[PDB]
Amino acid sequence: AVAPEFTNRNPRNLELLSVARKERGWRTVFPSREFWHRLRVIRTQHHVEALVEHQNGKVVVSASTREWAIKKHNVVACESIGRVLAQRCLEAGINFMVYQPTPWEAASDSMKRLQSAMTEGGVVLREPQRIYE
Amino acid sequence: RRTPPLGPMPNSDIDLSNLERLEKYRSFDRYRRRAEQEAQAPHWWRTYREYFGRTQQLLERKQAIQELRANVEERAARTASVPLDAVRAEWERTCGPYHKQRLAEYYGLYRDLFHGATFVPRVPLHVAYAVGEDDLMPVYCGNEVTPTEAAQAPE
Amino acid sequence: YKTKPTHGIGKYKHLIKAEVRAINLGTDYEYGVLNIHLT
Amino acid sequence: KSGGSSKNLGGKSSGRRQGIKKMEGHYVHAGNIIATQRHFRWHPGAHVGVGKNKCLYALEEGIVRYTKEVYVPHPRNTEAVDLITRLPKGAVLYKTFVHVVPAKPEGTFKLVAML
Amino acid sequence: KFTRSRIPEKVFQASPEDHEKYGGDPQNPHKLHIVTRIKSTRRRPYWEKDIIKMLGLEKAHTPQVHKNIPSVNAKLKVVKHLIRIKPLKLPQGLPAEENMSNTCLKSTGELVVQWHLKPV
Amino acid sequence: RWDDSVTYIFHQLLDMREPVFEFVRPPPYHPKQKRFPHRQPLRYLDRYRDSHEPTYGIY
RNA sequence: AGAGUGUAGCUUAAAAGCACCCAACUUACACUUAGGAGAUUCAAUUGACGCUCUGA
RNA sequence: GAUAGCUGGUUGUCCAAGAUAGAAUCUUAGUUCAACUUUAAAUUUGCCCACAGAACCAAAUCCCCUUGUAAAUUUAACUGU
Ligand SMILES: [Mg+2]
Ligand SMILES: [Mg+2]
Ligand SMILES: [Mg+2]
Ligand SMILES: [Mg+2]
Ligand SMILES: [Mg+2]
Ligand SMILES: [Mg+2]
Ligand SMILES: [Mg+2]
């Protein structure tokens with residue numbers, strides 16, 4: 001009572017199984033497309049944004065100050081956005097991301113506190129390699 | 001052999017002799033935003049997306065709440081509390097569906113379950129498996145629940 | 001390419017005027033390079 | 001005859017053979033060289049590696065495809081950053097990339113045994 | 001360098017004057033041509049010789065029919081300066097199973113099915 | 001995901017041999033074996049053997 | 001006083017992005033780090049109030 | 001009967017296929033490889049192919065399905081250019 005070959009269509013299956021092929025190219029171009037869940041952090045005037053896009057460009061989880069919710073109650077806002085994003089990615093299933101900021105941006109205190117909060121929430125930013133063979 | 005261009009080529013409407021009178025990019029974030037906006041365009045030749053492609057009262061209340069929170073000062077900005085239960089309640093009561101629809105589209109629920117015809121969830125939902133009196137295992141949109149914990153009907 | 005309709009899609013040399021000495025016209029309605037010493 | 005006989009020697013080099021090896025629409029395998037040439041001609045795109053001679057080589061079994069995407073190099077290249085900053089507002093480089101549309105999947109869930 | 005001579009699009013564009021001069025018409029055009037080589041293959045490039053060999057025109061002054069399609073159209077245009085083209089208009093119906101032994105080509109393209117040997 | 005409760009259910013309230021999978025990858029390419037590799041190393045013949053063990057015809 | 005405009009300096013989504021400024025690197029301008037600021041003049045498109053042309 | 005990149009010649013009938021990018025060489029009057037050509041055989045794609053695809057400092061060219069066709073790859077030979 002079983003088919004000769006199984007067929008799964010869940011796009012997240014291969015993404016979490018550490019087998020989904022990445023974009024090995026894009027070496028000379030920045031940022032690199034070799035990832036599974038890129039964590040893009042946008043900093044604008046009066047507001048801050050932190051997205052978690054996909055290779056195809058579909059936003060899965062994100063948090064913004066314009067959410068008529070977190071706006072109530074600027075490193076504090078960045079830390080709050082990071083904590084909310086970590087909690088949402090945890091309760092949604094995401095647990096691995098890749099952050100590729102710029103040197104002048106990586107050497108900032110805001111990004112340092114953001115990474116600290118993300119690590120405290122329980123989310124690693126390394127993304128294990130793709131198992132071959 | 002030389003053929004004419006079908007559509008307007010890029011960098012053609014700003015190729016004036018007064019290049020010094022222009023803005024001239026002095027940073028990299030602006031150039032990155034411009035490149036992103038350009039990539040987010042249909043284009044008539046090619047692209048990477050070819051083969052792999054009531055309110056007034058609420059606004060016034062929000063403004064008053066923001067003004068009150070700003071005047072309450074807090075002094076700990078120079079490093080604050082910022083609770084999470086209130087934020088979670090607001091998200092579940094306000095724009096919960098906004099993110100639930102995105103999650104469903106990313107997981108392929110509307111195109112697979114309903115075979116298209118996307119919608120927005122109106123009334124919220126809460127489900128949590130009972131591993132005894134406590135603790136309880138919550139079933140959030142996309143949580144990793146084990147078959148063992150799901151050995152009984154949830155609440 | 002040259003024959004393809006996408007010719008000159010990456011022409012950026014003309015967008016940069018690569019390379020002030022004694023350049024004071026003064027003929028028409030123009031003022032040469034000025035200097036203001038803040039004593 | 002002096003000073004103009006054949007002092008301008010040295011010009012005796014053969015062809016280096018540097019061009020396209022797999023045009024668009026060809027079924028290229030993983031590991032075949034797509035093209036070899038000096039100076040970054042076709043920048044790396046999706047599923048396209050780069051060796052030491054600024055060449056290209058397919059990484060996955062698929063059909064080669066070329067497009068025109070925006071150029072945003074790494075901040076390491078100070079020359080590229082300077083050239084970009086030297087451009088006006090509405091300015092785009094639009095370089096020639098290389099893509100490899102994959103055909104076969106990475107694997108299949110086959111039936112092992114019935115226990 | 002003598003490259004492969006190409007032809008633009010403005011050449012093959014029948015005008016009302018051309019239609020009035022000849023007998024052809026745009027609406028409901030013919031379906032087959034009457035190819036007949038009237039020039040030798042020598043003194044011509046090698047690609048033209050290959051095209052002539054593919055079209056099957058070894059013996060000059062011999063009739064031949066080919067499909068009136070863009071591919072065959074270009075194949076003919078490639079050697080247009082070495083072949084005679086004429087339409088194959090059938091006054092009566094196409095050659096049926098009974099009209100296959102008594103046939104004739106006749107000049108000016110007129111395939112007759114009741115080919116006899118008697119005067120009118 | 002997989003767990004022991006799945007096996008318990010299968011063997012209790014299903015009564016049928018549960019299936020097992022492994023996600024097999026496609027086989028290697030290996031182009032047409034040339035008669036004279038010329039510039040290929042000694043490992044060329046190793047890519048077309050079944051399998052390593054000493055196989056002898058008839059003697 | 002007849003007519004016109006009506007989200008901060010700019011953009012139509014009607015509460016956002018640019019734009020702006022003090023502190024540090026900057027001889028100096030800048031890229032940056034850390035901070036600051038802002039609109040719907042009112043009635044359930046409708047009439048009146050900042051401003052624009054008419055010896056007023 | 002020395003050798004000799006060299007002059008000369010190398011015996012009857014008829015049929016068929018049958019013209020070469022270049023490199024090395026104490027080398028350009030000679031030799032090898034490559035390329036052209038011949039024989040027997042196993043394989044299937046060989047050519048003009050259509051949208052398109054192929055760069056910052058003019059005739060053009062490469063891949064190219066339907067379409068004309070029947071030609072092409074390899075194996076084993078070896079003289080000839
Ligand atoms: Mg030279
Ligand atoms: Mg002798
Ligand atoms: Mg000699
Ligand atoms: Mg002699
Ligand atoms: Mg004799
Ligand atoms: Mg002969
Ligand atoms: Mg020597």
# chains A, B, ... in the order shown; residues from 1 in each chain; ligands from 1
>>> residues_near_ligand(ligand="ligand 2", cutoff="9 Å", atoms="only C-alpha atoms (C1' of nucleotides) and all ligand atoms", output="PyMOL selection string")
chain H and resi 1-4
>>> write_last_selection(atoms="N, CA and C atoms (P, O5', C5', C4', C3', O3' and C1' of nucleotides)", output="PDB file, in the first residue's frame")
ATOM      1  P     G H   1      81.750  -3.770 -53.898  1.00  0.00           P
ATOM      2  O5'   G H   1      80.328  -3.713 -54.616  1.00  0.00           O
ATOM      3  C5'   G H   1      80.201  -3.242 -55.955  1.00  0.00           C
ATOM      4  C4'   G H   1      78.991  -2.356 -56.118  1.00  0.00           C
ATOM      5  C3'   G H   1      78.602  -1.566 -54.870  1.00  0.00           C
ATOM      6  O3'   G H   1      78.117  -0.274 -55.233  1.00  0.00           O
ATOM      7  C1'   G H   1      76.793  -2.928 -55.536  1.00  0.00           C
ATOM      8  P     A H   2      78.978   1.037 -54.887  1.00  0.00           P
ATOM      9  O5'   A H   2      78.577   1.384 -53.384  1.00  0.00           O
ATOM     10  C5'   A H   2      78.618   0.394 -52.365  1.00  0.00           C
ATOM     11  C4'   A H   2      78.917   1.000 -51.019  1.00  0.00           C
ATOM     12  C3'   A H   2      78.043   2.177 -50.615  1.00  0.00           C
ATOM     13  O3'   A H   2      76.804   1.773 -50.058  1.00  0.00           O
ATOM     14  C1'   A H   2      80.316   2.719 -50.255  1.00  0.00           C
ATOM     15  P     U H   3      75.443   2.513 -50.483  1.00  0.00           P
ATOM     16  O5'   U H   3      75.546   3.936 -49.775  1.00  0.00           O
ATOM     17  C5'   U H   3      75.752   4.041 -48.375  1.00  0.00           C
ATOM     18  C4'   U H   3      76.244   5.412 -47.992  1.00  0.00           C
ATOM     19  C3'   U H   3      75.385   6.576 -48.460  1.00  0.00           C
ATOM     20  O3'   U H   3      74.275   6.813 -47.612  1.00  0.00           O
ATOM     21  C1'   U H   3      77.648   7.016 -48.973  1.00  0.00           C
ATOM     22  P     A H   4      72.812   7.034 -48.236  1.00  0.00           P
ATOM     23  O5'   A H   4      72.903   8.468 -48.919  1.00  0.00           O
ATOM     24  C5'   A H   4      73.260   9.612 -48.158  1.00  0.00           C
ATOM     25  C4'   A H   4      73.592  10.785 -49.045  1.00  0.00           C
ATOM     26  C3'   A H   4      72.606  11.070 -50.166  1.00  0.00           C
ATOM     27  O3'   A H   4      71.465  11.785 -49.728  1.00  0.00           O
ATOM     28  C1'   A H   4      74.809  11.127 -51.020  1.00  0.00           C
TER      29        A H   4
END
>>> residues_near_ligand(ligand="ligand 3", cutoff="12 Å", atoms="only C-alpha atoms (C1' of nucleotides) and all ligand atoms", output="PDB file with N, CA and C atoms (P, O5', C5', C4', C3', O3' and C1' of nucleotides), in the first residue's frame")
ATOM      1  P     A H   4      72.812   7.034 -48.236  1.00  0.00           P
ATOM      2  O5'   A H   4      72.903   8.468 -48.919  1.00  0.00           O
ATOM      3  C5'   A H   4      73.260   9.612 -48.158  1.00  0.00           C
ATOM      4  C4'   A H   4      73.592  10.785 -49.045  1.00  0.00           C
ATOM      5  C3'   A H   4      72.606  11.070 -50.166  1.00  0.00           C
ATOM      6  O3'   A H   4      71.465  11.785 -49.728  1.00  0.00           O
ATOM      7  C1'   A H   4      74.809  11.127 -51.020  1.00  0.00           C
ATOM      8  P     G H   5      70.026  11.069 -49.696  1.00  0.00           P
ATOM      9  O5'   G H   5      69.006  12.282 -49.543  1.00  0.00           O
ATOM     10  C5'   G H   5      69.148  13.449 -50.344  1.00  0.00           C
ATOM     11  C4'   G H   5      68.098  14.484 -50.026  1.00  0.00           C
ATOM     12  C3'   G H   5      68.331  15.847 -50.670  1.00  0.00           C
ATOM     13  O3'   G H   5      67.080  16.450 -50.995  1.00  0.00           O
ATOM     14  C1'   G H   5      68.333  16.077 -48.317  1.00  0.00           C
ATOM     15  P     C H   6      66.394  16.158 -52.419  1.00  0.00           P
ATOM     16  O5'   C H   6      67.618  16.142 -53.439  1.00  0.00           O
ATOM     17  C5'   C H   6      68.324  17.335 -53.739  1.00  0.00           C
ATOM     18  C4'   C H   6      69.304  17.138 -54.868  1.00  0.00           C
ATOM     19  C3'   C H   6      68.808  16.339 -56.062  1.00  0.00           C
ATOM     20  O3'   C H   6      67.988  17.095 -56.936  1.00  0.00           O
ATOM     21  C1'   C H   6      70.981  15.616 -55.468  1.00  0.00           C
ATOM     22  P     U H  25      62.791  24.145 -33.543  1.00  0.00           P
ATOM     23  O5'   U H  25      63.642  23.070 -34.356  1.00  0.00           O
ATOM     24  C5'   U H  25      64.011  21.833 -33.765  1.00  0.00           C
ATOM     25  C4'   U H  25      64.249  20.772 -34.810  1.00  0.00           C
ATOM     26  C3'   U H  25      65.408  21.021 -35.763  1.00  0.00           C
ATOM     27  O3'   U H  25      66.661  20.642 -35.217  1.00  0.00           O
ATOM     28  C1'   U H  25      63.495  20.399 -37.001  1.00  0.00           C
ATOM     29  P     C H  26      67.804  21.737 -34.930  1.00  0.00           P
ATOM     30  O5'   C H  26      68.916  21.437 -36.032  1.00  0.00           O
ATOM     31  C5'   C H  26      68.814  21.973 -37.343  1.00  0.00           C
ATOM     32  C4'   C H  26      70.172  22.303 -37.913  1.00  0.00           C
ATOM     33  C3'   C H  26      71.062  21.117 -38.255  1.00  0.00           C
ATOM     34  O3'   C H  26      70.764  20.545 -39.517  1.00  0.00           O
ATOM     35  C1'   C H  26      72.308  22.715 -37.034  1.00  0.00           C
ATOM     36  P     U H  27      69.600  19.447 -39.664  1.00  0.00           P
ATOM     37  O5'   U H  27      68.347  20.289 -40.169  1.00  0.00           O
ATOM     38  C5'   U H  27      68.482  21.221 -41.232  1.00  0.00           C
ATOM     39  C4'   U H  27      67.169  21.890 -41.552  1.00  0.00           C
ATOM     40  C3'   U H  27      67.244  23.083 -42.493  1.00  0.00           C
ATOM     41  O3'   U H  27      67.309  22.704 -43.858  1.00  0.00           O
ATOM     42  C1'   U H  27      65.900  23.632 -40.626  1.00  0.00           C
ATOM     43  P     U H  28      67.596  23.807 -44.991  1.00  0.00           P
ATOM     44  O5'   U H  28      66.152  24.390 -45.331  1.00  0.00           O
ATOM     45  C5'   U H  28      65.120  23.543 -45.817  1.00  0.00           C
ATOM     46  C4'   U H  28      63.840  24.306 -46.041  1.00  0.00           C
ATOM     47  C3'   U H  28      63.946  25.539 -46.925  1.00  0.00           C
ATOM     48  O3'   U H  28      63.928  25.228 -48.307  1.00  0.00           O
ATOM     49  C1'   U H  28      62.725  26.073 -44.972  1.00  0.00           C
ATOM     50  P     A H  29      65.280  25.294 -49.172  1.00  0.00           P
ATOM     51  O5'   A H  29      65.140  24.081 -50.195  1.00  0.00           O
ATOM     52  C5'   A H  29      63.971  23.934 -50.995  1.00  0.00           C
ATOM     53  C4'   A H  29      63.954  22.614 -51.726  1.00  0.00           C
ATOM     54  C3'   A H  29      64.175  21.382 -50.850  1.00  0.00           C
ATOM     55  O3'   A H  29      63.416  20.285 -51.358  1.00  0.00           O
ATOM     56  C1'   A H  29      65.873  21.496 -52.485  1.00  0.00           C
ATOM     57  P     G H  30      62.198  19.676 -50.503  1.00  0.00           P
ATOM     58  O5'   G H  30      62.900  18.627 -49.531  1.00  0.00           O
ATOM     59  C5'   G H  30      63.589  17.499 -50.050  1.00  0.00           C
ATOM     60  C4'   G H  30      64.183  16.659 -48.948  1.00  0.00           C
ATOM     61  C3'   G H  30      63.192  16.083 -47.947  1.00  0.00           C
ATOM     62  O3'   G H  30      62.539  14.918 -48.437  1.00  0.00           O
ATOM     63  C1'   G H  30      64.992  17.083 -46.786  1.00  0.00           C
ATOM     64  P     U H  31      62.494  13.544 -47.600  1.00  0.00           P
ATOM     65  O5'   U H  31      61.910  13.957 -46.178  1.00  0.00           O
ATOM     66  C5'   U H  31      61.117  13.045 -45.433  1.00  0.00           C
ATOM     67  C4'   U H  31      61.481  13.052 -43.970  1.00  0.00           C
ATOM     68  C3'   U H  31      60.311  13.176 -43.005  1.00  0.00           C
ATOM     69  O3'   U H  31      59.685  11.928 -42.755  1.00  0.00           O
ATOM     70  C1'   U H  31      62.014  14.702 -42.390  1.00  0.00           C
TER      71        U H  31
END
>>> residues_around(residues="region 12-21 of chain B", least_positions_apart="2", cutoff="10 Å", atoms="only C-alpha atoms (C1' of nucleotides)", output="VMD selection string")
(chain B and resid 8 to 10 23 to 24) or (chain C and resid 9 14 to 17) or (chain D and resid 87 to 91)
>>> residues_around(residues="residue 91 (chain E)", least_positions_apart="5", cutoff="12 Å", atoms="only C-alpha atoms (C1' of nucleotides)", output="PyMOL selection string")
chain E and resi 105-106+108-114
>>> residues_near_ligand(ligand="ligand 1", cutoff="9 Å", atoms="only C-alpha atoms (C1' of nucleotides) and all ligand atoms", output="PyMOL selection string")
chain D and resi 10-13
>>> residues_near_ligand(ligand="ligand 5", cutoff="10 Å", atoms="only C-alpha atoms (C1' of nucleotides) and all ligand atoms", output="MDAnalysis selection string")
chainID H and resid 9:11
>>> closest_residue(among="H:7, H:45, H:32, H:37", to="ligand 4", atoms="only C-alpha atoms (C1' of nucleotides) and all ligand atoms")
H:7
>>> residues_near_ligand(ligand="ligand 6", cutoff="10 Å", atoms="only C-alpha atoms (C1' of nucleotides) and all ligand atoms", output="PyMOL selection string")
chain H and resi 15-18
>>> select_by_dssp(residues="chain D", states="strand (DSSP E)", output="PDB file with C-alpha atoms, in the first residue's frame")
ATOM      1  CA  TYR D  27      23.705  21.311 -21.937  1.00  0.00           C
ATOM      2  CA  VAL D  28      26.862  21.871 -19.891  1.00  0.00           C
ATOM      3  CA  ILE D  33      34.923  25.369 -18.456  1.00  0.00           C
ATOM      4  CA  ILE D  34      32.463  27.879 -19.903  1.00  0.00           C
ATOM      5  CA  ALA D  35      35.007  30.430 -21.152  1.00  0.00           C
ATOM      6  CA  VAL D  48      29.292  29.870 -11.952  1.00  0.00           C
ATOM      7  CA  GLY D  49      32.680  29.572 -10.257  1.00  0.00           C
ATOM      8  CA  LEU D  56      34.464  30.519 -15.560  1.00  0.00           C
ATOM      9  CA  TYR D  57      33.323  26.923 -15.144  1.00  0.00           C
ATOM     10  CA  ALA D  58      29.895  25.384 -14.623  1.00  0.00           C
ATOM     11  CA  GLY D  62      22.222  22.781 -16.610  1.00  0.00           C
ATOM     12  CA  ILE D  63      21.803  25.031 -19.624  1.00  0.00           C
ATOM     13  CA  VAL D  64      23.976  28.137 -19.880  1.00  0.00           C
ATOM     14  CA  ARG D  65      22.127  31.462 -19.863  1.00  0.00           C
ATOM     15  CA  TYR D  66      23.392  35.044 -20.074  1.00  0.00           C
ATOM     16  CA  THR D  67      21.628  38.134 -18.723  1.00  0.00           C
ATOM     17  CA  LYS D  68      22.364  41.765 -17.827  1.00  0.00           C
ATOM     18  CA  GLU D  69      22.128  42.402 -14.077  1.00  0.00           C
ATOM     19  CA  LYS D  95      27.359  43.920 -16.367  1.00  0.00           C
ATOM     20  CA  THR D  96      27.119  40.629 -18.261  1.00  0.00           C
ATOM     21  CA  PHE D  97      26.591  37.672 -15.922  1.00  0.00           C
ATOM     22  CA  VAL D  98      26.409  33.915 -16.538  1.00  0.00           C
ATOM     23  CA  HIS D  99      23.743  31.536 -15.232  1.00  0.00           C
ATOM     24  CA  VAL D 100      23.220  27.768 -15.331  1.00  0.00           C
ATOM     25  CA  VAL D 101      19.553  26.738 -15.142  1.00  0.00           C
ATOM     26  CA  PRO D 102      19.576  23.375 -13.314  1.00  0.00           C
ATOM     27  CA  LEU D 111      11.781   3.139  -1.215  1.00  0.00           C
ATOM     28  CA  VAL D 112      14.461   1.228   0.703  1.00  0.00           C
ATOM     29  CA  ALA D 113      12.707  -1.676   2.424  1.00  0.00           C
ATOM     30  CA  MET D 114       9.421  -2.529   4.139  1.00  0.00           C
TER      31      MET D 114
END
>>> interface_residues(of="chain A", to="chain G", cutoff="12 Å", atoms="only C-alpha atoms (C1' of nucleotides)", output="VMD selection string")
chain A and resid 43 to 47 65 to 68 74 to 75 102 to 111
>>> write_last_selection(atoms="C-alpha atoms", output="compact mmCIF listing (two decimals), in the first residue's frame")
# COMPACT_ATOMS: atom_id res chain seq x y z
CA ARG A 43 18.29 51.29 8.61
CA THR A 44 16.18 54.27 7.54
CA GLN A 45 15.28 57.64 9.03
CA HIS A 46 12.87 57.53 12.01
CA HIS A 47 12.49 53.74 11.63
CA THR A 65 8.54 49.91 13.88
CA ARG A 66 5.55 50.75 11.65
CA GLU A 67 3.69 47.66 12.89
CA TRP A 68 1.25 49.75 15.01
CA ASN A 74 18.19 54.42 18.80
CA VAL A 75 19.90 51.19 19.86
CA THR A 102 29.75 46.10 5.49
CA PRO A 103 32.94 46.74 7.50
CA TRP A 104 31.84 50.21 8.65
CA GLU A 105 28.46 48.63 9.47
CA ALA A 106 29.89 45.53 11.16
CA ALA A 107 32.10 47.74 13.37
CA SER A 108 29.00 49.49 14.75
CA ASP A 109 27.61 49.13 18.27
CA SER A 110 24.02 48.83 17.01
CA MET A 111 24.86 45.77 14.91
>>> interface_residues(of="chain B", to="chain H", cutoff="12 Å", atoms="only C-alpha atoms (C1' of nucleotides)", output="PDB file with N, CA and C atoms, in the first residue's frame")
ATOM      1  N   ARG B   1      26.617  45.600 -38.868  1.00  0.00           N
ATOM      2  CA  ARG B   1      25.189  45.559 -38.576  1.00  0.00           C
ATOM      3  C   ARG B   1      24.894  46.226 -37.236  1.00  0.00           C
ATOM      4  N   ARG B   2      23.890  47.101 -37.224  1.00  0.00           N
ATOM      5  CA  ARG B   2      23.501  47.825 -36.018  1.00  0.00           C
ATOM      6  C   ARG B   2      21.985  47.924 -35.982  1.00  0.00           C
ATOM      7  N   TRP B  45      14.600  43.613 -21.835  1.00  0.00           N
ATOM      8  CA  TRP B  45      15.586  42.754 -22.477  1.00  0.00           C
ATOM      9  C   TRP B  45      15.776  41.442 -21.724  1.00  0.00           C
ATOM     10  N   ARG B  46      16.249  41.492 -20.481  1.00  0.00           N
ATOM     11  CA  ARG B  46      16.512  40.290 -19.702  1.00  0.00           C
ATOM     12  C   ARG B  46      16.548  40.677 -18.230  1.00  0.00           C
TER      13      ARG B  46
END
>>> residues_around(residues="residue 39 (chain H)", least_positions_apart="6", cutoff="12 Å", atoms="only C-alpha atoms (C1' of nucleotides)", output="NGL selection string")
:H and (17 or 76-79)
>>> residues_around(residues="residue 12 (chain E)", least_positions_apart="2", cutoff="12 Å", atoms="only C-alpha atoms (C1' of nucleotides)", output="mmCIF file with C-alpha atoms, in the first residue's frame")
data_model
loop_
_atom_site.group_PDB
_atom_site.id
_atom_site.type_symbol
_atom_site.label_atom_id
_atom_site.label_comp_id
_atom_site.auth_asym_id
_atom_site.auth_seq_id
_atom_site.Cartn_x
_atom_site.Cartn_y
_atom_site.Cartn_z
ATOM 1 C CA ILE E 7 19.485 40.096 -48.563
ATOM 2 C CA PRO E 8 17.432 42.732 -46.684
ATOM 3 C CA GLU E 9 13.693 42.629 -46.033
ATOM 4 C CA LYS E 10 12.748 45.490 -48.377
ATOM 5 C CA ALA E 14 5.501 42.534 -53.534
ATOM 6 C CA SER E 15 3.803 45.844 -54.320
ATOM 7 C CA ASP E 18 4.181 44.062 -59.225
ATOM 8 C CA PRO E 70 10.000 30.216 -45.039
ATOM 9 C CA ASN E 73 11.954 30.209 -49.291
ATOM 10 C CA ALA E 74 15.337 31.222 -47.867
ATOM 11 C CA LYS E 77 16.684 32.860 -52.247
ATOM 12 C CA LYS E 80 17.938 32.780 -56.692
#
